[PDB]
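Everything on this sheet refers to the single structure shown next.
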Amino acid sequence: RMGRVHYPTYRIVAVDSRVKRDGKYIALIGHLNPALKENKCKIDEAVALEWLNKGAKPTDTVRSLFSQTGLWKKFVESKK
Amino acid sequence: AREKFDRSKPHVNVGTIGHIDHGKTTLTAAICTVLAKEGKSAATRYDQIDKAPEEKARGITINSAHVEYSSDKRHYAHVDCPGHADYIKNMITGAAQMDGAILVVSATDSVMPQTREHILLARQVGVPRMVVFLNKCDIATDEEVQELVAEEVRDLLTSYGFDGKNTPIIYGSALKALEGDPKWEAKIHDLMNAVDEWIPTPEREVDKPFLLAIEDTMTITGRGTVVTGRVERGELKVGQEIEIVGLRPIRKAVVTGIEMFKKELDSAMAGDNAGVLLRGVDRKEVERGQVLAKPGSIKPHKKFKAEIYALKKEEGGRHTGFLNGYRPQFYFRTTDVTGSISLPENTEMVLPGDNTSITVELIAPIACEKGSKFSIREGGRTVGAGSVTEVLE
Amino acid sequence: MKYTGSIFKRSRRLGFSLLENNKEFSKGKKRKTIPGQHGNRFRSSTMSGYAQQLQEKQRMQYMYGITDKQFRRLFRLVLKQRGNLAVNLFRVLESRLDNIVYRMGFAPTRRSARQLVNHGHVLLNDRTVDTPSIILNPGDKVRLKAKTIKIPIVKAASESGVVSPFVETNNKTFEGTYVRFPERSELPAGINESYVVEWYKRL
Amino acid sequence: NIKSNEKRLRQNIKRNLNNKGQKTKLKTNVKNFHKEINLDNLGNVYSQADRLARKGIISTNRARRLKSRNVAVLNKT
Amino acid sequence: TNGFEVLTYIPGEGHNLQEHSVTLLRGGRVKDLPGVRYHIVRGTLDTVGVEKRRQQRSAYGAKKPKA
RNA sequence: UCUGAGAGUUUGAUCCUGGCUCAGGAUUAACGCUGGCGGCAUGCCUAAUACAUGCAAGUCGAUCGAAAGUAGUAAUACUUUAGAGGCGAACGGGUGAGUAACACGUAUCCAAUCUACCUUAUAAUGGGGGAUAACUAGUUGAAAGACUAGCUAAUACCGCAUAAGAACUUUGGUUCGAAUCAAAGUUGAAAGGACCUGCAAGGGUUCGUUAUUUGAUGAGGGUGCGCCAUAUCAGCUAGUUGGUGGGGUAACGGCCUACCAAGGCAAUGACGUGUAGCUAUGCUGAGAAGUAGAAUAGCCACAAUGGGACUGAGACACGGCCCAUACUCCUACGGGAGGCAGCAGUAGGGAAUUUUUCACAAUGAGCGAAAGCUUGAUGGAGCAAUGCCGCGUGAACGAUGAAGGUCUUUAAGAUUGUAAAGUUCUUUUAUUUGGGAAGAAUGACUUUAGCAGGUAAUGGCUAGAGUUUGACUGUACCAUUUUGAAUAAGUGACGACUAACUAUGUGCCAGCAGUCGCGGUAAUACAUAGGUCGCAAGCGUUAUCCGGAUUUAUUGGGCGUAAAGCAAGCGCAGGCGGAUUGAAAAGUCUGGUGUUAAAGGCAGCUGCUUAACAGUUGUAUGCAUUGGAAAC
RNA sequence: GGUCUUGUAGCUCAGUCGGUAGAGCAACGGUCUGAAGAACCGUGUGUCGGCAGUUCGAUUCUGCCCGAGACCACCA
């Protein structure tokens, strides 16, 4: 989380597996506000499929987010 | 773990008294070794009592050194009180922080000014239940002289305020006990049981917030300035505020770590002889003769008026009067502070007798309250003793 | 400092009044010169456009009961928006919560209104408010409290209200609505806006 | 400190022994090819180079470069 | 604190600096002293700038007299 | 879109040029005074000085042998690992002394390169051998440890058959040194485990391992560009410059080596000197531009110093190794052990800067069929008004004017002054009760409902359930919760610049002061009092940044007498320079593309109760390049 | 933390095992200069940091502190 202390604000983190937190991002795919969710969560989802096709597997906390936006509903479809 | 302390027994502070060169070190080692067999946490403290030059090079005592040892019934914190007149200021400090008193006086070298001054000081400090153990009893032909020493100590107890009836006069030898002879070790067992037959445990109260008085401060590598002392009132946990009284205006600080002779505590109750490291405090700001307290009841002053029971010349006090510029050094509970005797109106001299409430101003303010016993010494001999009964400020 | 500690003296010296002019017209053979043990005969040490500019700034900011820091920060905030900065700023000067209540006429001193608002006794849109520096918006519902209907000063001034067209309210439920911006006639005329507003260039 | 350093060193003792043996055996094969040039011995050198290439002993280009520079002089025949 | 030696003035009433007593310096420009353009802290850690300077006691170091 | 202040200071006195100071903000701030509180931010720049104690990198019994305990007569089953195997340990953390040149950044070339784990398609899971750890017995030693004789496992190690395809070339094919094909020769692979099905054979799914390979990623190199001061610093350089053969390299390469030549840079400033992490950025002004390089991020080096090298895809390796150097520790004096510029912490210096705090809950990362474990990373807490913002130090009424003090110094008044008392109200806070957030609108657990190439099912996709993950939390917030105007302001100046005046004292003695300048016995300047003014929960001081400083004059000076025209001239480079026709676009302008990180500078919106703060939206100059313009 | 040393005029220092309190600056009344300073005749101050022995005699011997000054603390 980055922002005001005691105020969570963590945007998406899907970067190369050997990159530090809040370093030089590979790409920005929307943003997320853990302080207040439910119409403060959004991803571009445009180049997301390509980024998945080139490494950078989703982490534990973003599987739901991909299922939230329907990415998981077309993830296994695209692999086949 | 900083060798965490464990306590399950009533904590008392015992202490040896007498004139040095009689073998105080060997007697302390003998009693510690005797109680080592009765339970652990007790080691032979013979050369562990010395930390100053000529204190080990000669084999004498200069300062009040503390050791600790538990038992199946009671815990004890032993304190060594030195002789070497003009060093009495050290031993009264031990009187500041002891509960039981063990007299160590030689027989063939029967009572000298040192012993009488020590007993008188123990009387005027406010510590009861003196215990007398005869030493150097291994000396041959001690039939008619051992009874003489017992009678002399019994009569000398009364000569200053104590009594020579309630406490039995134990006898035996410590050098042979140091060697490990079973009979004299049994005599030391008997002395310890006699101690257990008196000197009740201190009362535990929490209503009064917190109070402690420092014995000495010292630097500890990687930690900082660490002070010693003993809790008087209330409890104390790790990370609480404190106020500093003495020699300076009140100074607010915070504690960092509580230990008991480098044995860490978890819940420091009232009456425990321990030491504390504070948070961001300078060693030149807290010294020996200072007080830690909690806000709500404390007020420092330099000039105050209190009653004094002056010691007559027949009792060893001054045989002549003095002026309003007369400047003794009073020894309040844990503080050795010089104060002039600025006698108020209708008072210009304190001779033997004429117990009048005197007013004195001290160089350093002290945590004062009615009922605080203290003594007056000047010229090499103690000249008076009293308690706080009036507060002008 | 938040509260000056005295209100009459500042108006006595700067030649203005907290109210229109009723604050000081007669107080039992009251004075009219500038106060002080020596303002009776000598009146000036350095008076010019700059000095009168500071004087007008004081008569403004002490009238609105806001610290100098607050004036500077409001100037910085109005720098954010465009157009005639002085006119819009002067319009917002009476748009404060306690200022809005003062224009409603619920109290004859902004200090009292500040106390009422910061004590949590004023109700703004299903949310208690205790910070009298909230930005308003044309068309906002305002009310103080039903429970405060028993306050003697509120009851005394309920019928002796203040008629300011730019804000409308009803004293039956002590409820009104911020609708439209104010104008010059609705605002005090004893202070020259221009000197006050041009003096802030350092920030 | 880290306790997984003595383990690394003890693994490295055997690793270094094996690698030095393989490299000096390859060096011996290079000497043999120096003192005589034929087909079967060069095939043995090929086999040993690929044994090294089985593991990460030799870089993917080092073996290729050395055998190319060897066949450069092989092409004399 | 280094080998450099600087001249300075003693502001306030009286001079109580006494030949190896620790000092703290201060800046400021003056025109009265030929060769000296520095002042010394008067009223802190050795002196007091007496008192009653209710108008300036932060400068001219003096703790506020509490009554 | 946008925006520029001045004043005083020479002199009998005026003008011009010209200098000086002040009037603004700002800090990684400091001293002193004042001291309520919430939130936010921030809190060694100086001695890269050495460091008590603990910690920051471990991990996997379903990778394996073996051992121990427990249930158990036993078999076996559960729990654990001292070790072997492999993964990470080459990220992650901090510091800027050294480093003044690919240091940095940007764009291309990377036909001069690599890239295991991850992605696309896909090959295999054959067969043998030998040791060797744990262990047993010791030998030298207060200790690091070292040394031997014997016995065993593995997905350890070593060979061997074998091996689609891959690599080397021989002949041919495409092609502007690169790319693929055809034929010929040669070369090299290991490892199965777990579960399920089947009475066995055998079969199935999954994991990695080999044989690859299409990608991204990470790493590395060259070049154009400019990126401290240094002409009271003109010669420097001999693998130096170039060619030849050979070797290393992740590569091209004097990178190095054996041979042969004598070159290369430079007045458009080389060589050499002092200084320094750089950049984004932050600060300043409207502006071009000037300042520093907080924190935060990328790049670079570092691990007390100097070297060397083992390993592996990744090192000369922040908490690998050896050597020497220096300190520390002990030393039966035989000899070894350690390296906080990691969280902290002591000492010391410094004017100067916080805890040997909590949880690893959120996140990320590492490991692992799997539960799970760990992370002084990370998120928090406390101290410090260190800085910004908010909010309190009450409120209405109430005077021919309470009292006192001060001035007037004296028949009186004014001032303090609605200030005071008094009348009345109420509670951000003050003092506390009860209820009490979310962050677990993340992921995994379990049967499941449906479903997929597979069925006997595992592994998997979509939805359903909870005990599971709460230190913050007496938080926030709510209910007249109890009481309750009760809980709280100082500070600099008052002749001018610079908002504000009078009086008492000392009398050029004392002291002020930034300057003009104050005081030679009534000080609108000193010491002091009253009052006032201005700032403020902060206030003034030094240190130093830009404005003014146009005070280096691109913007924005010139050189008759205030400062400068060489003493004069000829003249190379260089700079500028008559006109017309044609060309192109080298410069120039324009449209498309990449880049100019995000945050910030600008504004809007949203969430912060609001402000501050956080997030979102659009957001510059610049280079390379495509397509044009051809007036200059 | 204890181990030693020091305290004398307004200031700086001398003060034989007591017999005076002694010098320098400041210093006051004069000599002198327009004036300030230089130089000259001279004033004088001295409870000896505070208490009891003791020297007939405490400031010259001690003990105790008071104010101050430096000296080292322990050892894995």
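Protein chains in written order, with the numbering used here: chain D, 1 to 80; chain Y, 1 to 393; chain G, 1 to 203; chain E, 1 to 77; chain S, 1 to 67.
For each residue, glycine too, the CB sits at the ideal point set by N, CA and C.
For this session: Could you tell me the boundaries of the beta strand (DSSP E) in which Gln329 of chain Y lies?
Result: Per DSSP, the continuous beta strand (DSSP E) segment holding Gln329 of chain Y begins and ends at 329 to 332.
Exercise. Counting only runs that start and end within the stretch 94 to 170 of chain Y, where is the beta strand (DSSP E) found for 3 or more residues in a row?
Worked result: List check, beta strand (DSSP E) in window: 100 to 105, 130 to 134.
Problem set entry | Straight-line gap, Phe210 of chain Y to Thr44 of chain Y (C-alpha atoms, nearest Å) | Straight-line Cα distance between these residues: approximately 34 Å.
Problem set entry | Candidates Y:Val195, Y:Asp163, Y:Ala95, of which the one nearest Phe133 of chain Y by Cα | Ranking Y:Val195, Y:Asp163, Y:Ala95 by Cα distance to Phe133 of chain Y puts Y:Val195 first.
For this session: Mind checking who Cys32 of chain Y pairs with in its DSSP beta bridge?
Result: DSSP output for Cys32 of chain Y lists no bridge partner at all.
Exercise. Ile366 of chain Y bridges to which residues according to DSSP?
Worked result: The bridge partners DSSP lists for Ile366 of chain Y are Y:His301.
Problem set entry | Alpha carbon of residue 440 of chain Y to alpha carbon of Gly161 of chain Y, nearest angstrom | Outside the modelled stretch of chain Y, which goes from 1 to 393, sits residue 440 of chain Y, for which no answer is possible.
Exercise. What are the boundary residues of the alpha helix (DSSP H) that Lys155 of chain G is part of?
Worked result: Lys155 of chain G -> alpha helix (DSSP H) spans 152 to 159.
Exercise. Under 8 Å, do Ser11 of chain G and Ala86 of chain G count as touching if we go by C-beta distance?
Worked result: In terms of Cβ geometry, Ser11 of chain G and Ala86 of chain G do not form a close pair [threshold 8 Å].
Exercise. For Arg31 of chain G, which residues from the same chain have a beta carbon less than 8 Å from its beta carbon, with the 5 sequence-adjacent residues on both sides left out?
Worked result: Cβ within range, chain order: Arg12.
For this session: Measure the beta-carbon distance from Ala107 of chain Y to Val131 of chain Y and round it to whole angstroms, keeping in mind my assumption that it falls under 8 Å.
Result: With 8 Å as the limit, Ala107 of chain Y and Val131 of chain Y do not qualify as a contact, their Cβ atoms being about 17 Å apart.
For this session: Could you spell out where the alpha helix (DSSP H) holding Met192 of chain Y opens and where it closes?
Result: Unbroken alpha helix (DSSP H) run through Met192 of chain Y: 182 to 196.
For this session: Below 6 Å CB to CB, which residues in the same chain sit around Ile376 of chain Y once its five sequence neighbours on both sides are set aside?
Result: For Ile376 of chain Y, where only same-chain residues beyond five positions count, the Cβ hits under 6 Å are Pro328, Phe330, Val383, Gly384.
For this session: Assign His34 of chain E to one of three DSSP states: helix, strand, or coil.
Result: DSSP places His34 of chain E in helix when its eight states are reduced to three.
Problem set entry | Beta bridge counterpart(s) of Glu68 of chain Y as assigned by DSSP | Bridge pairing for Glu68 of chain Y: Y:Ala77 [DSSP].
For this session: Report the option in Y:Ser71, Y:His19, Y:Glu151 whose CA atom is closest to the CA atom of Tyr87 of chain Y.
Result: Proximity to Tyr87 of chain Y across Y:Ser71, Y:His19, Y:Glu151 peaks at Y:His19, based on C-alpha coordinates.
Exercise. Looking only at its own chain, which residues have a Cβ that is under 7 Å from the Cβ of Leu14 of chain G, when we skip the five neighbours before and after it?
Worked result: Only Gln55, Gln58, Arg59 meet the Cβ criterion.
Exercise. When burial is assigned at 16 or more other CB atoms within 10 Å of the CB, is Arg18 of chain D buried or exposed?
Worked result: Counting every other CB atom within 10 Å of its CB across the protein chains shown gives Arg18 of chain D a total below 16, marking it as exposed.
For this session: Within 10 angstroms of the Cβ of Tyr171 of chain Y, are there 16 or more other Cβ atoms? Answer buried if so, exposed if not.
Result: Classification of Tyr171 of chain Y: buried, given that the 10 Å Cβ count is 16 or more.
Problem set entry | Supposed close pair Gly15 of chain Y, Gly94 of chain Y - CB separation, criterion 8 Å | 5 Å between Cβ atoms; contact.
Exercise. Does the stretch 254 to 267 of chain Y touch the stretch 63 to 78 of chain D, meaning 3 or more C-beta pairs lie closer than 8 Å?
Worked result: Remark: fewer than three beta-carbon pairs, one from each stretch, lie closer than 8 Å, so the stretch 63 to 78 of chain D and the stretch 254 to 267 of chain Y are not flagged as touching.
Problem set entry | Through-space distance from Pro344 of chain Y to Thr338 of chain Y, alpha-carbon basis | Here the alpha carbons of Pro344 of chain Y and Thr338 of chain Y stand approximately 18 Å from one another.
Problem set entry | Cα-Cα separation, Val197 of chain G to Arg91 of chain G | Between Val197 of chain G and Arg91 of chain G, the C-alpha separation is close to 13 Å.
For this session: Identify the continuous beta strand (DSSP E) that holds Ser340 of chain Y and give its terminal residues.
Result: Per DSSP, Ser340 of chain Y belongs to the beta strand (DSSP E) from 335 to 340.
Problem set entry | Residues that DSSP places opposite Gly257 of chain Y in a beta bridge | Under DSSP, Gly257 of chain Y takes part in a beta bridge, and its partners are Y:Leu277.
Exercise. Roughly how many whole angstroms lie between the Cα atoms of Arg184 of chain G and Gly28 of chain G?
Worked result: Cα-Cα distance, rounded: 33 Å.
Exercise. Between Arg72 of chain G and the rest of its own chain, which residues show a CB-CB distance below 6 Å, the 5 nearest in sequence each way excluded?
Worked result: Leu203, listed in sequence order.
Exercise. If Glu55 of chain Y sits next to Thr61 of chain Y, beta carbons under 8 Å apart, how far is it from one beta carbon to the other, in whole angstroms?
Worked result: Taking a contact as a CB-CB distance under 8 Å, the pair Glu55 of chain Y and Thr61 of chain Y counts as one, their CB atoms being some 7 Å apart.
Exercise. Of all the options Y:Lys40, Y:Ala213, Y:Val350, Y:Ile358, which has the alpha carbon lying nearest to the alpha carbon of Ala270 of chain Y?
Worked result: For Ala270 of chain Y, the closest alpha carbon among the candidates Y:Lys40, Y:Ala213, Y:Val350, Y:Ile358 is that of Y:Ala213.
Exercise. Could you give the C-beta distance for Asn118 of chain G and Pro132 of chain G, rounded to a whole number, given that I count them as a contact under 8 Å?
Worked result: Approximately 6 Å separates the beta-carbon atoms of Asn118 of chain G and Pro132 of chain G; this is inside 8 Å, confirming the contact.
Exercise. Based on the DSSP output, what are the partners of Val360 of chain Y in its beta bridges?
Worked result: For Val360 of chain Y, the pairing in a beta bridge is given by DSSP as Y:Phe304.
Exercise. Under 8 Å, do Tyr10 of chain D and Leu32 of chain D count as touching if we go by C-beta distance?
Worked result: Against a cut-off of 8 Å, the Cβ pair of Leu32 of chain D and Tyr10 of chain D comes out as a contact.
Exercise. Shortest alpha-carbon distance to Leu19 of chain G belongs to which of G:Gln37, G:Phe181, G:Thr148, G:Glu186?
Worked result: Of G:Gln37, G:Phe181, G:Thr148, G:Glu186, the residue nearest in Cα terms is G:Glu186.
For this session: Note the first and the last residue of the continuous beta strand (DSSP E) segment covering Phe166 of chain G.
Result: Here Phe166 of chain G belongs to no beta strand (DSSP E), and DSSP marks it neither H nor E.
Exercise. Between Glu243 of chain Y and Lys294 of chain Y, is the Cβ-Cβ spacing less than 8 Å?
Worked result: Yes; because the gap between Cβ atoms is below 8 Å, this pair is in contact.
Problem set entry | Euclidean distance between Cα positions of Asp44 of chain D and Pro8 of chain D | Whole-angstrom Cα-Cα distance: 21 Å.
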